[PDB]
Amino acid sequence: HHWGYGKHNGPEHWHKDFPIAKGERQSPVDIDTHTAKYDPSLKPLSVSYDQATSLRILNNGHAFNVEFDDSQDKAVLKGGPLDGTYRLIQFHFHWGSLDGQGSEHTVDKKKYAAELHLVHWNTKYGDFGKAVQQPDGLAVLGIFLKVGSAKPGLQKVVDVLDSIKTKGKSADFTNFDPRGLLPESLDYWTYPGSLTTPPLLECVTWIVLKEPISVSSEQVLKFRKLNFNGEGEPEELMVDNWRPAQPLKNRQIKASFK
Ligand SMILES: C=CCN1CCC[C@@H]1CNC(=O)c1cc(S(N)(=O)=O)cc(OC)c1OC
Ligand SMILES: [Zn+2]
């Protein structure tokens with residue numbers, strides 16, 4: 001009886017195995033655009049993905065993760081609210097059964113069709129497992145997806161999903177360029193928070209881009225053909241793999257833009 005996104009094991013149950021689920025800095029949150037304050041002291045974010053080395057794509061039973069070589073400073077996130085250098089380890093998405101839900105963060109209670117998370121770790125802690133034990137260990141770049149025009153830079157991801165339908169399947173996924181998943185603007189909101197999956201560790205500086213990317217209906221329909229189950233098991237479509245907004249508590253969301 002492991003955690004997941006069903007009736008019996010979904011987000012309202014997680015606190016029993018992971019009591020931090022009711023903690024002081026949980027994610028995701030609703031971004032109230034009228035209460036977020038412009039912070040002129042933040043910087044421009046620096047997203048340096050030209051040397052990124054993707055390796056593999058894995059269906060982990062929750063989402064699919066595109067994994068990178070993080071054994072050197074190749075694809076790194078710096079600036080904005082961050083001090084130091086954060087290495088890209090993996091990206092994944094959260095999405096819905098229908099276009100009106102899927103994102104984890106919300107904007108004035110608006111749900112997007114999906115949300116991309118680019119997960120990076122703070123090199124001062126040496127490895128990812130040490131970083132997730134620190135309050136400043138991870139930086140997650142979050143990007144909303146709306147349904148409209150296709151995202152050309154996403155199609156290589158879409159076209160490999162048939163090969164990783166079920167939990168525990170992986171495929172070679174070399175030479176994928178994550179720059180093709182970014183919107184034009186790097187305007188963002190930021191706040192201190194958590195992993196949105198168990199173990200829900202309070203180790204994340206969240207950086208959520210204001211500008212969504214557009215993907216096609218055909219692209220997101222291919223996300224919804226994945227399976228939470230392993231091969232040969234009763235089919236459970238991989239949909240609605242999002243945690244809902246959590247209480248903001250004693251936190252301020254800051255804006256990089258006026
Ligand atoms: C070294 C320990 C930390 N490990 C322990 C098992 C998962 C946890 C790592 N969690 C993540 O990387 C992880 C984080 C997120 S999220 N939405 O960025 O918090 C999602 C995910 O899979 C959809 C993840 O699993 C790979
Ligand atoms: Zn995520």
Side-chain angles (χ1 to χ4, degrees), residues 2-6 9-11 14 17-18 20-21 23 25-29 31 54-71 75 77 86-96 101-106 111-123 125-145 157 161 164 166-170 173 178 181 190-209 212-213 223-224 226-229 236 238-246:
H2 214 341
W3 72 269
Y5 299 92
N9 66 355
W14 293 351
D17 278 339
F18 303 95
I20 205 171
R25 59 172 280 185
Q26 291 288 292
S27 293
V29 300
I31 301 167
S54 65
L55 293 174
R56 191 177 77 138
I57 191 177
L58 172 72
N59 178 334
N60 66 12
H62 306 295
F64 61 88
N65 293 1
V66 176
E67 302 164 346
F68 290 77
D69 175 10
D70 62 345
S71 72
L77 186 65
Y86 291 68
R87 287 195 190 150
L88 179 61
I89 176 172
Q90 55 98 337
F91 73 74
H92 61 273
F93 303 81
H94 306 262
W95 61 90
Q101 63 188 42
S103 66
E104 292 208 308
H105 294 88
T106 59
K111 298 174 168 78
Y112 288 86
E115 187 175 333
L116 168 58
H117 290 165
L118 297 124
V119 178
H120 313 74
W121 61 267
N122 190 331
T123 63
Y125 300 123
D127 67 63
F128 178 78
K130 290 286 199 283
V132 297
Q133 302 181 61
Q134 309 301 329
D136 62 349
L138 295 187
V140 186
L141 182 56
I143 305 179
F144 297 121
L145 281 63
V157 170
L161 298 181
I164 60 153
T166 52
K167 180 174 168 42
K169 294 196 63 178
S170 69
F173 203 67
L181 298 176
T190 184
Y191 76 97
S194 76
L195 302 178
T196 72
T197 52
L200 299 167
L201 298 171
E202 293 181 334
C203 63
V204 180
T205 302
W206 277 96
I207 301 168
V208 178
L209 297 190
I213 60 167
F223 288 15
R224 298 180 183 138
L226 288 165
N227 283 185
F228 287 127
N229 55 283
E236 305 177 295
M238 186 179 283
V239 297
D240 294 319
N241 57 352
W242 51 277
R243 190 191 194 191
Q246 300 300 308

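Scope of the values below: all heavy atoms of this structure, side chains included, with no hydrogens, waters or symmetry mates. If you read the sequence from its start, that first residue is 1, and numbering goes on from there. Start at 1 and go down the list; that is how both ligands and their atoms are numbered.
- Counting only protein N, O or S atoms, 3 lie closer than 2.8 Å to the Zn ion (ligand 2).
- For residues 131-145, the set of pairs meeting the side chain to side chain donor-acceptor pair (under 3.5 Å) definition, not counting sequence neighbours, comprises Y125-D136.
- Scanning for salt bridge (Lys or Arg N to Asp or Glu O under 4.0 Å) contacts around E202 gives an empty result, with sequence neighbours left out.
- If you check which protein heavy atom lies closest to atom 18 (O) of ligand 1, you get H92 CE1, 3.2 Å.
- Against a heavy-atom cut-off of under 4.0 Å, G129 is close to the following atoms of ligand 1: 1 (C).
- For atom 3 (C) of ligand 1, the nearest non-hydrogen atom of the protein is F128 CE2, 4.0 Å.
- Using modelled atom types, one side-chain atom of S54 and one backbone atom of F173 make a donor-acceptor pair closer than 3.5 Å.
- Under the 3.5 Å distance criterion, the side-chain polar atoms of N227 are left unmatched by any main-chain donor or acceptor of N229.
- Among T197, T196, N241, the single residue meeting the side-chain hydrogen bond (donor to acceptor under 3.5 Å, both in side chains) criterion with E104 is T196.
- Side-chain atoms of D70 never come within 3.5 Å of backbone atoms of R87 as a donor-acceptor pair (strictly under, hydrogens ignored).
- Protein heavy atom nearest atom 7 (C) of ligand 1, with residue, atom name and distance: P199 CD, 4.3 Å.
- Of the possible donor and acceptor atoms, none in the side chain of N65 sits under 3.5 Å from a partner among the backbone N and O of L58.
- Across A139 and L77, no two heavy atoms sit closer than the pair CB-CD2, 4.1 Å.
- Listed by number with element, the atoms of ligand 1 under 4.0 Å from a non-hydrogen atom of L195 are 19 (O).
- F228 and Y5 have parallel rings, their planes meeting at less than 30° on a 0 to 90° scale where 60° marks the start of perpendicular.
- Panel note: side chain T190, backbone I207; no donor-acceptor pair is recorded below 3.5 Å.
- Contacts between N60 and ligand 1, counted as non-hydrogen atom pairs separated by less than 4.0 Å, involve the side chain only.
- Using a distance-only test at 3.5 Å, with no hydrogens or angles considered, no donor-acceptor pair links the side chain of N59 to the main chain of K169.
- Heavy-atom separations between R243 and ligand 1 are all 4.0 Å or longer.
- Below 4.0 Å from some heavy atom of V119 lie the following atoms of ligand 1, by number and element: 18 (O).
- Regarding atom 14 (C) of ligand 1, its nearest protein heavy-atom neighbour is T197 OG1, 3.6 Å.
- Of all atoms in ligand 1, numbered sequentially from 1 with element shown, those under 4.0 Å from a heavy atom of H94 are 17 (N).
- For atom 24 (C) of ligand 1, a protein heavy-atom neighbour is found at a distance under 4.0 Å.
- Heavy-atom separations between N65 and ligand 1 include at least one value shorter than 4.0 Å.
- Under the 3.5 Å distance criterion, the side-chain polar atoms of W242 are left unmatched by any main-chain donor or acceptor of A114.
- Those atoms of ligand 1 with a heavy atom of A63 less than 4.0 angstrom away are 23 (C).
- Of all atoms in ligand 1, numbered sequentially from 1 with element shown, those under 4.0 Å from a heavy atom of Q90 are 11 (C), 12 (O), 13 (C), 24 (C), 26 (C).
- Counting protein heavy atoms only, atom 17 (N) of ligand 1 is closest to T196 OG1, 2.8 Å.
- For atom 2 (C) of ligand 1, the closest non-hydrogen atom of the protein is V132 CG2, 4.1 Å.
- Here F64 pairs with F93, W95, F223 under the ring-ring contact (aromatic ring centres under 6.0 Å, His included) rule; sequence neighbours left out.
- Looking at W3 and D17, their side chains never bring a donor and an acceptor atom within 3.5 Å of each other.
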